[PDB]
Every structure is written in structure tokens, then in C-alpha cells.
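First to last, the protein sequences are chains O, N and G. Counting from 14, one number per residue, gives the positions in the first sequence under the deposited numbering. Counting from 14, one number per residue, gives the positions in the second sequence under the deposited numbering. Counting from 14, one number per residue, gives the positions in the third sequence under the deposited numbering. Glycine included, every Cβ here is placed at the ideal spot set by N, Cα and C. Single-structure report; data block below.
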Amino acid sequence: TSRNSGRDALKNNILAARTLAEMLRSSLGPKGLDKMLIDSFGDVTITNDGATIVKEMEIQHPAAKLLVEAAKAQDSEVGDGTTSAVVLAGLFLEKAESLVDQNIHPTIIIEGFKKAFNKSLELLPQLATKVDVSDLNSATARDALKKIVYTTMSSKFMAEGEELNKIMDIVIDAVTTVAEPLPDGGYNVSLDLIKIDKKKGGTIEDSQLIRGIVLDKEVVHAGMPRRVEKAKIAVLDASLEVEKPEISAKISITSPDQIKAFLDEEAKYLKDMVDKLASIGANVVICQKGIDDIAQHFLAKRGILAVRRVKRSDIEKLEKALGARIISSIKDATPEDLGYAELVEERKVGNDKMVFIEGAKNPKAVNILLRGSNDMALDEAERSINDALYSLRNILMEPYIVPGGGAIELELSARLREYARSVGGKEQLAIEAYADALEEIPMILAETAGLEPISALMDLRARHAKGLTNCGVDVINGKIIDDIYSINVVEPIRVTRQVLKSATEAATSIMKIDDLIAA
Amino acid sequence: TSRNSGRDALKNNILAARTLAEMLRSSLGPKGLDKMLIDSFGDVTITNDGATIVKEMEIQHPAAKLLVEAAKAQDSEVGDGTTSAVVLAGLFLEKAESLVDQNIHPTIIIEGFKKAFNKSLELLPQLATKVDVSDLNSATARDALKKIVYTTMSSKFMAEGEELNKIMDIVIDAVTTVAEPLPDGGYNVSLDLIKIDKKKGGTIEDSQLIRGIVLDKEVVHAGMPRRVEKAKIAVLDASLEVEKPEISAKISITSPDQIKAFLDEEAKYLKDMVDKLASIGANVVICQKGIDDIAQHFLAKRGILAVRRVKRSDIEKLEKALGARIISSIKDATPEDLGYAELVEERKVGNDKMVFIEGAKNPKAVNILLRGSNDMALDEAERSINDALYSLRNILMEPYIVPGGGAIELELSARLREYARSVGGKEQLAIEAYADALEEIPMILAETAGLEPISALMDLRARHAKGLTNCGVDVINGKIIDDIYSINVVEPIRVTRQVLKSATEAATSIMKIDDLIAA
Amino acid sequence: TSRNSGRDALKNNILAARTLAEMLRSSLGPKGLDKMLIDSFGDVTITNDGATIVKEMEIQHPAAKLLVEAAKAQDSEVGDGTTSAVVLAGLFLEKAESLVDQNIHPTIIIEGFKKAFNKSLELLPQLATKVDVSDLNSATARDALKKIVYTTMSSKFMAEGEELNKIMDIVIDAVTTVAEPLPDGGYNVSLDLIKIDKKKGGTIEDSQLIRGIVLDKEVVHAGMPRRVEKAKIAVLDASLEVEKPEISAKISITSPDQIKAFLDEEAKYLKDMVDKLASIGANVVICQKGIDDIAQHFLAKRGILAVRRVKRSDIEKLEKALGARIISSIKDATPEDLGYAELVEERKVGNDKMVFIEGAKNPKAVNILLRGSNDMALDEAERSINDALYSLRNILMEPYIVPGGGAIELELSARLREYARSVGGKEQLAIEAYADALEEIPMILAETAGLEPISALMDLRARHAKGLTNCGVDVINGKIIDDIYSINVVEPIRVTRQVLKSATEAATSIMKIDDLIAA
């Protein structure tokens with residue numbers, strides 16, 4: 014059992030967490046420097062994604078494991094902020110450590126950072142920008158929605174891709190149509206209710222939203238109906254497979270006719286099962302855990318359109334949208350538990366076959382069909398719609414946006430270095446370190462762009478002093494910019510709010526740990 | 014888990030990828046020096062193709078694995094450009110490396126190589142000379158084609174074969190007619206529609222084009238037809254073989270009659286299979302994964318010509334030209350699925366048998382039969398034919414040529430060093446280091462030819478300075494030359510355009526990376 | 014020969030001058046911890062003066078030697094400031110090392126300290142207080158002068174000496190009469206004209222100012238007048254000694270009588286010289302490099318009081334006051350080169366003999382006579398008189414006084430962190446780190462007294478802000494206190510002005526020096 018002294022243990026934990034942070038920080042910006050990641054299997058992986066470098070690397074120091082655990086817990090809400098969140102966490106820790114070095118109790122530092130964060134959450138709804146809950150059915154004369162998709166695409170990659178951007182703006186318009194509203198000013202839109210299916214080949218301009226369901230399956234037998242009109246769809250949980258007692262009958266393999274007599278006995282049990290489904294009057298069937306080949310001939314003969322591996326999430330929606338009820342087993346199929354579609358057809362997308370389900374009693378869920386060239390251009394175009402889907406769902410589910418390019422932070426740093434003056438003993442030194450820590454974000458972006466960082470930090474400060482919140486620095490420009498609102502660089506409120514929660518959580522947690530005992 | 018520092022890693026990853034390049038460049042061009050490559054298993058291989066030397070050699074340090082990935086991707090498109098492209102990537106990395114020593118942020122270098130490159134792509138169709146689409150047919154009084162077929166042979170070889178060259182020039186002529194032409198000086202007949210079969214024995218002059226398809230896999234038994242007139246061809250995917258249950262029926266060895274009856278029951282399943290075919294009335298039959306021995310005897314008894322092991326691609330052409338169906342299995346065969354040939358014969362090439370299907374409506378794919386010599390002299394003559402088809406294909410899909418021997422590069426270097434003047438700031442040093450790198454190609458050619466390089470540059474610069482888009486150095490000649498068109502040293506555009514595309518890709522990617530993390 | 018790198022060399026010369034300062038600071042202020050210093054010859058020495066601790070110790074590194082030279086030069090003007098001055102140089106330097114770490118060029122840091130210092134100089138007349146220029150006929154009902162002498166003893170001692178302190182107050186009152194009036198409203202008075210003579214074997218109460226001069230000496234032979242009335246004083250540069258030629262006669266040991274006759278010739282020239290002085294009619298004579306015993310026997314016979322060893326400074330104060338002429342040698346003694354005194358007498362002080370010259374036309378110089386007990390208690394009563402006289406000569410030669418207890422410093426730091434708002438660029442950044450360095454003085458005095466420094470700085474910072482100027486921290490009381498004037502902790506303007514002058518000199522000097530080449 015490995016022991017560690019106090020003083021020493023906190024310094025040793027600030028260093029691991031701090032080593033992770035300054036290592037992620039070459040990759041912080043929207044042109045940030047890409048990492049190279051070799052596995053023990055020796056495959057190389059080059060990315061600028063920050064949630065991917067924590068997952069891909071051996072980390073073992075317990076305080077470095079806490080900081081990835083914070084990143085991971087953050088990784089489900091955001092892709093860029095979870096990068097920014099680790100950098101911020103690291104910059105708070107190296108200021109806390111300077112107060113501990115003046116022998117100041119960490120308890121007080123924790124309490125003065127708690128009052129800082131708290132002041133900050135009452136300044137960001139006033140420092141925020143409020144847009145319309147509905148620009149003429151929330152999407153007309155396009156404006157806002159186009160800038161979020163042109164911006165998010167430029168920030169995540171840049172290069173060439175205008176004929177991709179316009180299609181992505183049309184998709185984003187189609188999701189915006191879906192949307193039904195909350196009396197606050199948010200919306201009841203949901204990523205989860207959105208489902209995106211990608212098919213190989215041709216043009217990205219041929220991608221569309223669907224109100225009903227698309228099944229990406231190619232559907233089992235060529236002889237089954239290629240259109241069904243007024244379809245009664247049965248959904249069944251189990252395999253279409255024989256039901257038999259567990260302990261298994263034995264015949265000799267040294268008699269020929271009996272190997273055929275087990276095989277034919279199980280095969281007349283399947284032909285019974287298919288007759289029960291054609292007696293039920295089903296025109297389509299879904300079976301989630303498989304259909305035998307003999308049974309697929311008998312379903313095709315009786316004229317029934319059968320689907321295999323339709324995954325649990327897609328079934329819940331098909332149930333819910335056509336009014337089915339999930340049936341456990343083929344004896345258990347029963348004639349009013351069947352749901353209903355106007356039609357079910359097979360349609361080719363990019364030469365490949367595909368089943369589109371429509372005429373649906375309620376589909377809350379929607380489907381987007383994405384057709385396009387190759388694999389790298391298709392995977393990348395899906396990813397790109399994803400980044401654009403997620404910015405739209407953050408402005409839809411909360412109407413407030415805040416300016417970016419170092420703005421928000423510089424204002425907290427000046428109101429907090431005004432707050433911290435009215436504050437009393439030993440609490441004021443902690444608070445004024447948290448005001449400086451927001452000032453340590455912002456300038457690093459200007460160094461990423463190839464420009465001096467310290468003269469860019471002072472000139473934003475004096476612009477912030479004579480003017481107001483407007484000013485900032487743009488990595489994509491390479492320069493200080495008069496007015497951030499002008500270059501489209503508004504950000505969702507939720508990318509700030511979460512990284513100030515997860516940086517103040519990771520740093521207060523490394524401050525709160527005075528000992529470490531290891532087996 | 015091996016860690017490495019930022020800034021430190023960028024230099025180590027340029028060195029590694031610069032070292033690879035600097036080892037391969039002595040093998041560049043038509044006198045370049047050969048490497049010897051010994052495998053782990055001990056196999057020695059002496060070569061000077063550059064895509065082959067990276068395939069055959071172990072590479073371990075990740076930034077030299079990246080340049081190999083650039084080689085790899087270019088090797089799918091060209092065989093000649095890939096040798097050049099790896100060296101080019103070295104000449105760009107060593108000007109970038111000096112800019113990193115002057116402390117100029119990579120974001121700027123990345124962007125200046127980019128502005129230099131964007132200018133170059135708009136200088137290379139104005140530097141290009143465009144010949145003809147096909148006024149009076151392409152190859153008539155042969156000339157331009159004869160020049161590429163003699164010029165490719167000079168590069169790829171440089172020894173006697175005047176009596177090989179007239180034959181290659183003739184084969185090229187034959188291919189060139191086919192064409193299937195595309196708008197605005199394009200063409201559609203290509204490498205994946207060209208098929209070359211080489212058969213031993215006698216002269217290369219006996220080589221021919223075929224409009225139909227040529228099958229190398231022999232007609233089987235002697236007692237089958239060796240010529241079919243007005244042939245009914247059946248095409249079949251599956252093996253002609255006995256199909257039977259999973260768990261395998263057993264009849265004891267110590268009942269010796271009943272094993273013999275089990276065998277003859279399986280011979281009655283085979284003779285049935287053949288008798289179905291003979292009932293369909295297919296005078297020819299093909300089975301892709303095989304014909305049974307009994308089954309080959311019955312097809313011969315009935316007077317049916319059967320072919321075995323024919324490859325997926327050859328089958329598709331044979332489908333398309335005879336109007337046939339690829340049938341799944343003897344059970345799937347049914348009486349509208351048969352194609353049609355005016356004749357089918359077995360014809361002897363250097364004594365040996367070969368099956369030619371011909372008189373086939375509407376084929377786009379062609380077959381070239383190359384007869385000749387024993388074996389080493391025939392594999393080199395097929396290879397020589399390939400090399401001549403690839404120049405003829407770079408000329409067919411764009412009828413654009415660019416002067417070689419350093420003419421396009423020395424001309425981009427002066428036009429970029431004029432462009433780089435009109436650009437301001439430290440980004441002008443960046444444009445001007447990419448003009449310096451093209452001028453770093455070219456003089457290396459003069460040293461490989463056994464001449465002083467720096468004095469050859471000054472002679473080349475002065476003829477390039479008093480005239481315009483002319484003069485070069487030629488490794489074959491072993492001099493400098495006023496008239497570089499005139500000695501036939503001109504290149505198709507697609508070998509330039511790609512190797513300058515794949516050197517900027519590789520070098521731009523090796524710059525963006527600041528970390529390397531290894532398990 | 015050892016060489017050193019740029020920036021490295023500079024950091025090492027900042028490290029040596031830092032270690033000196035932060036070691037000299039444990040002795041700071043009047044509660045300061047004393048050092049013990051043992052010499053190479055083993056001599057033990059205990060002191061807390063900083064100009065002594067640098068003298069009694071070997072300091073090796075050249076940049077630390079430079080700082081002793083800045084201390085040596087400052088010790089010659091003040092005995093309190095030079096201690097404070099070492100500490101002030103280290104505290105500016107450790108802020109400079111942070112700016113150098115910010116990658117700021119020294120030329121910009123030097124120019125911002127120059128602008129901080131010129132701003133500081135226009136701030137020290139505004140903070141400055143002028144009491145009077147003449148104070149009811151000066152030292153009258155004494156009050157202000159009583160307080161500076163009692164305070165200077167209380168900082169210098171802090172134990173029983175009340176009945177010396179009162180004597181010291183009479184002596185300061187006596188020196189004040191002397192002081193002559195400048196039209197600035199200052200007073201000309203000079204330490205080079207103040208003289209104190211200490212005799213063992215009494216009580217302090219019997220100490221006096223004298224207008225005329227005191228000769229400390231016992232004055233040679235008792236046989237001469239021990240009181241002279243209307244004294245004609247001869248002053249003589251040389252020895253009363255033979256003038257015989259250097260290339261000189263010799264005499265044999267065995268010619269016994271001629272040896273006695275050479276001895277009597279050197280005594281008969283000395284007796285002529287003495288008779289020559291006596292014909293001139295002199296009554297006192299001073300010979301500064303000596304009196305022969307024969308010349309003393311003969312000078313007492315003529316009723317003449319001769320003095321030996323009267324040093325060159327004392328000799329000028331006696332010349333100017335008696336209207337004498339310093340004569341070179343007895344041959345040059347001549348009758349009107351004599352000065353005149355009303356009387357010259359011997360008076361017994363502490364039972365010890367002492368000679369007083371008085372009735373002097375126009376002396377500027379004064380003499381203070383110091384009686385006391387023992388030897389150690391007399392040297393200390395001398396030292397106590399010294400330091401208080403030194404505090405009078407600084408209040409008298411400039412009529413400006415300033416507050417103490419870290420009042421001036423806390424006030425410069427806040428006015429500069431307002432100056433620095435009207436300044437721009439990287440020289441603003443440098444001004445604001447100097448301002449911070451003044452804030453680092455002050456709180457260390459509260460730690461010598463046992464208080465908490467960060468809590469004594471927050472209570473002073475809020476009291477200096479909500480209250481108003483003359484706020485400080487008293488190390489002798491042990492408190493933060495408002496109106497430090499009340500406590501009597503007012504200093505001369507010249508002890509602050511100089512200690513900022515010499516610190517800003519040492520720190521600029523170690524900053525202008527790039528290299529160090531050492532043999």
C-alpha cells in the first residue's frame with residue numbers, strides 16, 4: 014500500500030490534471046493543431062477532436078482520470094465545448110495553486126470560486142442576445158438559420174463545400190418545420206426523434222426529410238410485394254423459429270432417412286407458423302430476431318412482405334406511428350394487435366433497395382434520407398449535418414445566444430474585477446483569480462491564428478473599456494474585429510453555461526482531495 | 014505510452030518524412046539508380062519503381078507512414094507520377110523546415126503553400142498545349158501516338174526494340190479506334206474495359222484485338238465441340254455438384270454394397286443436373302466455380318461445350334455481349350436466360366488451346382490477345398504494352414500536354430516569383446518558398462544525367478529568360494536543349510496535376526500536426 | 014574563460030542580486046532579526062544593520078558585488094536607508110523576472126520603470142508636509158524636535174535611556190542654534206563641522222556644546238602652563254626635530270667621547286629652534302607630526318604649552334577661528350603667523366585631562382563634549398547622539414517631512430494603479446508591476462511584529478480607501494493604525510527619495526547587462 018503526504022498529494026494531483034490540460038490546448042481552436050494517436054496494434058489516427066484524444070490514450074494518475082471523467086460526462090452535450098472545458102479547467106487549477114502557495118486554506122478558495130460562478134450565472138442572461146420565437150413560422154426569409162449552418166460548417170473544417178452547405182441549410186429548414194413550441198420560448202424538438210439514413214452514390218442534393226418511416230433494409234425476398242396499398246403490419250419480438258423442448262431428441266446419423274425426418278419435422282412447424290400469420294391477414298411483417306429461409310419462401314408464396322433485423326429503436330417508432338402492438342411469438346399473433354400504413358413500398362435509393370412506410374396515424378419521429386458519393390464524402394457529409402443539427406437544436410431548445418470570439422469572458426473579467434473590490438477578507442483574492450482566469454481563455458485563440466497573443470489581449474481590453482461587449486478576435490479572420498454580431502459569431506448560451514459548470518466542478522474537486530492511498 | 018513534445022514532434026516528423034524522400038530520390042528518372050531490397054523471409058528484389066520500393070520496405074516512424082499513404086493513394090491512379098510525387102513532397106518539406114527555423118507559425122505556411130498552389134492550377138492549362146480530339150481519326154499517319162509509344166518506351170527501357178515498338182504502336186492504334194467518345198474532347202473507353210491475355214510462343218506480331226471476349230480456360234474433354242456456330246450460351250454462378258443436408262448421412266464400410274449404392278445415388282443427382290442443361294438446348298455452358306467429373310463426361314456425351322473456372326469480370330462482359338443471364342444454379346435455370354454468339358471456337362495460340370467467343374452484339378469491353386516468345390520476354394512486352402496504354406489513356410481523357418525537362422516547373426518559378434512580389438507580409442516568404450521548391454525539382458535531373466547541377470540551372474534559367482515556355486534538360490539525351498518539344502519531352506497533364514496535388518496534400522498534412530502519442 | 018548565453022546570464026545575475034536581498038530582509042526594520050557573522054580569523058560579530066552585514070561578509074557573484082556598491086554609496090549619505098535600500102532592489106527584480114518570463118524585451122521594461130519613477134518624484138512633493146521654516150525662533154518650547162529625537166531613539170533602542178534622551182534633546186537644541194538660514198527656509202548645518210569628544214568617568218548630565226574648539230588630548234608636559242591667557246598660538250606642520258643633512262656623518266663606537274658630542278649637536282639645534290619660537294613670544298604651539306622630548310623640556314622652561322597629534326580637520330577649524338597661519342617648519346617660524354585666543358586651558362573631564370581653545374574670532378565649527386560612565390556605555394551614548402543629530406540634519410536641510418509606517422508606499426501603489434490606466438502599450442504593463450512591487454514593502458514589517466501579512470494588507474487597503482491619507486502599519490506599536498502622524502512616525506523626505514533613487518538604479522543596472530565573460 015503506497016502512501017502520499019499532504020501538501021505533496023495536492024501538488025501531484027494538480028500536475029496530472031494540469032499536464033492533461035496543457036497537452037489538449039495546442040488543439041483548442043477552430044484551426045487547432047491535430048494530434049496523432051498510435052495504438053499498440055499500431056494503427057495511426059489523426060484528429061483534432063478532444064473527446065477522441067482522451068478516449069484514445071492511456072491515463073492512469075487518479076487526478077488525470079477525474080479530468081477525463083469530467084470530459085466524458087460533458088461529451089454527450091457538446092463536441093467543441095468539451096475541448097474548451099478541459100482547457101478552462103486547467104487554467105483555474107494553476108491560479109488556485111498560487112493562492113495555496115501563499116499558505117491560504119483551499120476551503121476559502123473553494124468558497125470564493127463558488128461566489129464567482131454564481132455572480133457569472135446572473136450576468137449571462139443580461140449579457141445574452143434574444144431572438145424571435147418565430148420569424149414568420151420560424152424559418153422565413155431564411156437569415157438566422159442560414160448563418161448558423163454557414164458558420165458552424167466554417168468553424169468545424171472550412172475548405173470548399175458550398176453545394177453541401179445549401180443542402181444542409183435545406184435539411185435544417187425541414188427539421189425547423191417539425192418543431193412544436195414551448196410557452197417559455199424554447200421548443201419540443203428532439204434529436205432523438207430525428208433519424209438519419211445514408212445510402213451510397215451520386216448527389217447530396219437528392220437528400221430529403223420524411224414524415225413517415227424509412228427502413229434501410231433491402232427486405233428478404235425479391236418475390237415479396239414491391240408496393241403494398243393499405244397495409245396491415247404485424248410486429249413480432251422473437252425469431253421465426255421452431256418452439257421445442259430444450260433437451261434434444263437423438264437419432265442415428267447412420268440412418269439416412271431419420272436426419273431428413275428431424276429436418277422435415279422442424280420445417281412443417283415453420284409452415285404452420287406462416288399460415289397462422291396469413292390467417293391473421295397481415296400484409297407486411299417485422300421479425301426482430303430472425304426469419305428462416307424456408308419460412309421466407311412460405312411468406313412470399315402467401316404474398317406477405319417480410320422484414321428481418323429492424324432494431325429496437327426503429328420498432329418503437331413504427332409501433333407508435335402506425336398504432337401496432339408488439340407481439341411476442343407467432344402462436345401469440347392475434348388480429349387486432351396489427352398497425353396500419355397507407356402503403357409500404359420498396360424504392361431504390363442510389364441503386365440500392367429501401368422500404369418507405371407512410372400514411373402514419375401519428376409519427377412524432379421523422380426520418381432524413383441522405384444519398385451521396387462514395388464513403389468518405391458520405392460519412393463526412395453525415396457528420397457535417399450532425400454538427401449543423403446540433404446547433405439548431407441548441408437555439409431551438411433555448412432562444413438565447415451570446416457573442417463569441419472572446420467577448421463574454423472579457424466582460425466577466427471586468428465586472429468580476431469590480432465585484433472583487435466590494436468583497437471582504439480572503440474571499441476577494443480568490444474571486445479576482447477567477448476573474449483573471451476568464452482573461453486566460455480568448456488570447457490563446459489569437460496565437461492559434463498566428464498573431465501575437467498579448468498585444469491582441471490588451472487592444473481588446475481598451476476596446477472593451479471605451480466601447481462595449483461588441484469587440485472580439487476571430488481565428489478565421491486572423492484579426493481583432495469591431496463587432497462580433499456582424500461576422501456571424503454568436504454562440505448558443507448552453508456551450509458557455511456547461512463549460513463553466515464542468516470547469517468549476519473539475520477544479521474544485523482536485524482542490525477538495527488532501528490524500529491518496531494506493532494498493 | 015511514449016509521449017513527445019509539441020514543436021519538438023514537428024521537426025522529428027519532417028525529418029522522418031524528409032529522410033525517406035532523400036533516400037528514394039537517387040532512383041528518380043530514366044537513369045536513376047536501382048535499389049536492392051531484401052525481405053524478412055530472405056527474398057531479394059532489385060527494382061527502381063518508387064511505389065514498389067515503398068510497398069516492399071518496412072516503414073515505422075508515423076510521419077514517414079503518412080507519406081507512404083500518399084504514395085499508396087496515388088499508386089491506384091498512376092505508376093510513374095507516384096515515383097516523382099514522393100520526392101516532390103521532400104522538396105516542399107525542406108523549404109517549410111527553414112520557415113519553421115525562422116519561427117513563422119504553420120497556419121501561415123499552410124495558407125501560403127495554398128495560395129501558391131491555387132495560382133499554379135490556373136498557370137498549368139495556359140502552360141499546356143492542346144493537340145486534337147480526332148480530326149481525320151486520332152492515329153492516322155500515326156504521328157502524335159507514335160511519339161508517345163516511342164517516348165514511353167525510351168523512358169521505361171532505353172535499349173533496342175524497334176521491331177517491338179512498331180507492334181506496340183499498332184496495338185495502340187487498334188485500341189484508340191474503340192473510343193466511345195465523350196463531349197468536349199473526352200473519351201470513355203478505359204483500362205477496366207481493356208483485357209490483355211498473353212500466350213507463349215513465336216512472335217509478338219501475332220497479337221490481335223478482339224471485339225468479342227477471349228476465354229483462357231480450356232474446353233475440358235476432347236470429346237466436347239471445339240467449334241460452335243450460332244452458339245446458345247448458358248452462364249452459371251454455382252458449382253455443378255451434389256447439394257445435400259447439413260448433418261451428413263452414413264453408410265458403413267463393412268456393408269460394402271451399400272456404400273457403392275450411396276455413391277451411384279449421388280451420380281444420379283449429377284447426371285440429372287447435366288440432362289437439365291441438355292434439355293434447355295444450350296450448346297455451350299459455363300460454370301464459374303466448377304463442373305463435376307461425371308458431369309463433364311455427360312456434357313461431352315451430349316455434344317455440349319462446357320467451360321470451367323471463369324472469373325467474375327470476364328463473365329459480366331460475356332453476359333452483356335451475348336445478352337445472357339448469370340443464372341444462380343442448375344435449379345434456377347429456365348428457358349429465357351440463354352445468350353447468343355455467331356460462333357465460339359477453340360483456337361490454338363503457340364500450339365496451346367484458347368476459347369474465343371465472338372459475333373456478339375453491343376460490347377464496350379475489348380480483349381487484346383498477345384502471343385509470343387517464352388515467358389520473361391512476354392511478361393516484359395505485356396508490361397511495355399500496359400505503359401503505352403497508360404500514356405495513351407492520359408492523352409485520351411484530356412488532350413492536353415505540358416513540356417517536360419523542367420519547362421513547366423522553371424516557368425512556374427518565375428511566374429510565382431512575381432505573384433509572391435504582389436503579396437505583402439511574411440506570407441510572401443511563404444509563396445516564394447513554394448516557387449523555390451519547383452526550381453528544386455529539375456536540376457537533379459541534370460545530375461542524374463552526369464552533369465554539374467548549378468551551372469545546368471544557370472544555363473536553363475538563361476534560355477528560359479530570353480525565350481518563353483521552351484528549353485529543358487533530358488536524362489535520355491544527357492544534355493540541356495533549346496527545343497524540349499522537339500526531342501519529344503512533353504508530358505500528359507494528369508501526371509503533373511496529380512503529383513503536385515499529392516505533394517501539397519502530404520506536406521500540408523505533416524505541418525498541421527503537433528502531437529504523436531504511442532502505445 | 015567562461016562565457017554565458019543571452020537571457021540565461023541575465024537570469025543568473027538576477028538570481029544572485031535576489032538572494033542577497035531576500036537574505037538582508039530578515040534583518041529589516043527596528044524589530045528585525047539580527048545576524049551572526051564569523052570571520053576567517055574566527056572573529057564573532059552580531060549585528061542587524063544592513064550596511065554592516067554586506068561589509069563583514071564576502072559576496073562573490075559580480076551582479077551581487079554591484080549591489081554592495083549601490084549599498085556602500087548610500088551608506089555615506091544615510092544610516093537607516095541603506096538597510097531598506099537592499100531589500101527594495103530585490104523586490105523590483107523579482108517582478109522584472111516575471112515580465113522577462115512574459116517575453117518582454119528589457120528596453121521596454123527599463124523605459125516603463127523610468128516613467129514610473131518620474132511619476133513617483135512628482136508624487137513625493139504632494140504627499141510631503143512642511144511644518145514651518147522657523148518654529149517660533151527654532152527649538153522653542155521644543156515640541157517637533159523633541160519628538161524626532163525621542164522617536165529616533167525609540168526606533169534605535171526601545172529600553173531605558175530617558176535621562177540620556179533629555180540630554181540628547183539639549184544637544185540637538187544646541188546644534189539648532191548653530192544652523193544658518195536658507196531662502197528656501199531650510200537651514201545650512203553640516204556634520205563635517207560637528208565634533209563630539211567622549212571621556213569616561215562621570216555622568217551624562219555634564220555634557221555641553223562648546224562654541225570654540227576642544228582638544229581631546231592630555232597635551233604633553235605638565236610643566237608648561239596649564240592655563241594660558243591671551244594665547245599666541247603657533248601652528249606647525251612638521252616634527253620638532255633635527256634638520257641635519259641626509260648624507261650624513263658617521264662616528265666610531267671606540268672613540269667613546271666623540272659619540273656623546275654627536276648626541277649633544279642634535280640636541281643643540283632643537284634647543285635653538287625652541288628658543289626661536291620663544292623669541293617670537295609664542296604661548297601655545299601645535300606641532301602636528303611631533304615634539305622631541307628635549308624640545309618639550311626647553312619649551313616648558315620658556316613657559317610655552319605645546320601640543321602634539323592635532324589632526325588636519327581639527328587644524329582647519331582652529332586656523333579659520335584664531336586668524337593663525339599654518340607654518341611649514343620651525344626654520345620658517347616667523348612672528349606674525351601666530352593666532353590669538355582669549356584663553357587656552359586645561360579642564361578635567363571624568364578626571365581625565367582635556368584642553369579647550371576659546372575666544373575665537375568667528376568659528377563656524379562647534380564641539381560637543383560627552384561625559385558618561387564606562388566604555389561601552391559611552392560609545393553607545395555617542396552612537397545615540399549621532400543618530401539623533403543625523404535625523405536633525407535631515408529635517409533642517411530640507412524643510413519637507415513625510416509620513417511613515419508604509420504610508421507613502423501604499424499611496425504610490427494606488428496612485429500608480431491609476432497612472433497606469435492613462436498609459437498604453439507594453440510600458441503600461443511594466444509600470445503596473447512596479448507599482449505592485451511598492452506594495453511588497455510594508456507588510457513584511459507587520460510579520461516581524463507577529464501579525465498576518467495578507468490580513469494586515471486588506472485592512473490597510475480598505476482603510477486607505479474609505480479613509481484617507483496618513484494610514485499605516487506601526488511595527489513599534491504592532492498594529493494597523495489610522496493617522497500615523499499621531500504616533501509620531503514622520504520621516505525626512507530625503508530617506509524615501511534616496512531609497513527609491515538607489516533601488517531603481519541597481520535594478521536598471523542588472524537589466525542593462527546582457528553578458529558576463531569571466532576569466
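- request: Tell me whether the beta-carbon of residue 151(N) lies closer than 7 Å to the beta-carbon of residue 189(N).
  value: yes
query: Do we get a CB-CB distance below 7 Å when we pair residue 463(O) with the residues of chain N?
result: yes
query: Which runs of the beta strand (DSSP E), 3 residues or longer, sit entirely within the stretch 296–383 of chain O?
result: 297–300, 318–320, 352–362 and 365–371
query: What residues from chain O crowd round residue 75(N), counting only those whose CB sits closer than 8 Å?
result: 49, 51 and 57
message: Between 138(N), 498(N), 328(N) and 33(N), which has its C-alpha nearest residue 413(N)'s C-alpha?
response: 138(N)
task: Count the C-beta pairs between the stretch 112–124 of chain G and the stretch 448–458 of chain G that are closer than 8 Å, then say yes if the count reaches three, no if not.
output: no
task: Pull up the CB-CB distance for residue 1(O) and residue 241(O), whole angstroms please, since I reckon it's below 8 Å.
output: Given that chain O is displayed from residue 14 to residue 532, the structure contains no residue 1(O) and the question cannot be resolved.
- request: Would you mind sorting residue 521(N) into buried or exposed? The rule is 16 or more other CB atoms within 10 Å of its CB.
  value: buried
query: Looking at the structure shown, is residue 103(O) part of a helix, part of a strand, or coil, going by DSSP?
result: helix
query: Is the Cβ-Cβ distance between residue 363(G) and residue 212(G) less than 7 Å?
result: yes
message: With three or more C-beta pairs closer than 8 Å as the rule, is the stretch 504–523 of chain N touching the stretch 55–72 of chain N?
response: Flag = no, the stretch 55–72 of chain N and the stretch 504–523 of chain N do not touch.
query: Is the stretch 71–87 of chain N in contact with the stretch 483–491 of chain N, if contact means three or more CB pairs nearer than 8 Å?
result: no
field: Reference residue 33(G); option with closest CA among 375(G), 168(G) and 82(G)
entry: 82(G)
task: Starting from residue 438(O), find everything on chain G with Cβ-Cβ shorter than 7 Å and list it in chain order.
output: 468 and 471
query: Taking the Cβ atom as the reference point for each residue, do residue 534(G) and residue 409(G) lie within a distance shorter than 7 Å?
result: What is shown of chain G runs 14 to 532, which leaves residue 534(G) out entirely.
field: Neighbour list for residue 267(O) in chain N, Cβ cutoff strictly below 8 Å
entry: Using a Cβ-Cβ cut-off of 8 Å, residue 267(O) is close to 263, 264 and 265 of chain N, given in chain order.
query: By DSSP, does residue 242(G) sit in helix, in strand, or in coil?
result: Residue 242(G): strand per DSSP, three-state reduction.
query: Are residue 528(O) and residue 22(O) touching if we call contact CB-CB under 7 Å?
result: When the beta-carbon positions are compared, residue 528(O) and residue 22(O) come within less than 7 Å of each other.
- request: Identify every run of the alpha helix (DSSP H) within the stretch 407–436 of chain N, keeping only runs that are complete inside it and at least 4 residues long; order them along the chain.
  value: 420–435
- request: Would you decide whether residue 432(G) is buried or exposed? Buried here means 16 or more other CB atoms lie within 10 Å of its CB.
  value: Buried is the call here.
- request: Inspect the CB distances between the stretch 367–375 of chain G and the stretch 327–337 of chain G and report whether three or more fall short of 8 Å.
  value: Below 8 Å, enough C-beta pairs join the stretch 367–375 of chain G and the stretch 327–337 of chain G to call them touching: three or more.
task: Could you list which residues in chain N have their beta carbon closer than 9 Å to that of residue 533(O), in chain order?
output: Not covered by the structure: residue 533(O). The range shown for chain O is 14 to 532.
- request: Evaluate the contact criterion for the stretch 290–306 of chain N versus the stretch 242–255 of chain N: three or more CB pairs, one atom per stretch, below 8 Å.
  value: Cβ pair count under 8 Å is three or more, so yes.
message: Suppose the cutoff is 8 Å on Cβ atoms and the five residues either side in sequence are ignored; what does the same chain contact list for residue 99(G) look like?
response: So the qualifying residues of the chain are 33, 34, 37, 38, 63, 67, 80 and 84.
task: Taking C-beta pairs closer than 8 Å, name the residues in chain G that residue 115(O) reaches, listed in chain order.
output: Under the 8 Å cutoff, chain G gives 467.
- prompt: In chain N, which residues lie less than 8 Å from residue 71(O) when you measure between Cβ atoms?
  reply: 14 and 532
query: Looking at the C-beta of residue 80(N), does it have a partner C-beta in chain O at a distance below 7 Å?
result: Not one chain O Cβ lies under 7 Å of residue 80(N).
field: residue 6(O) (DSSP reduced to helix, strand or coil)
entry: Because residue 6(O) is not part of the residues shown, which for chain O are 14 to 532, the question remains open.
- prompt: What first and last residue would you give for the beta strand (DSSP E) that runs through residue 227(G)?
  reply: 226–228
Distance, residue 175(O) Cα to residue 387(O) Cα: 18 Å
query: With a Cβ-Cβ cutoff of 7 Å, do residue 304(G) and residue 249(G) count as a contact?
result: no
Separation of residue 470(O) from residue 420(O), as counted between CA atoms: 11 Å
message: Strictly under 7 Å for the Cβ-Cβ distance: is residue 44(O) near chain N by that measure?
response: It does; some Cβ of chain N falls within 7 Å.
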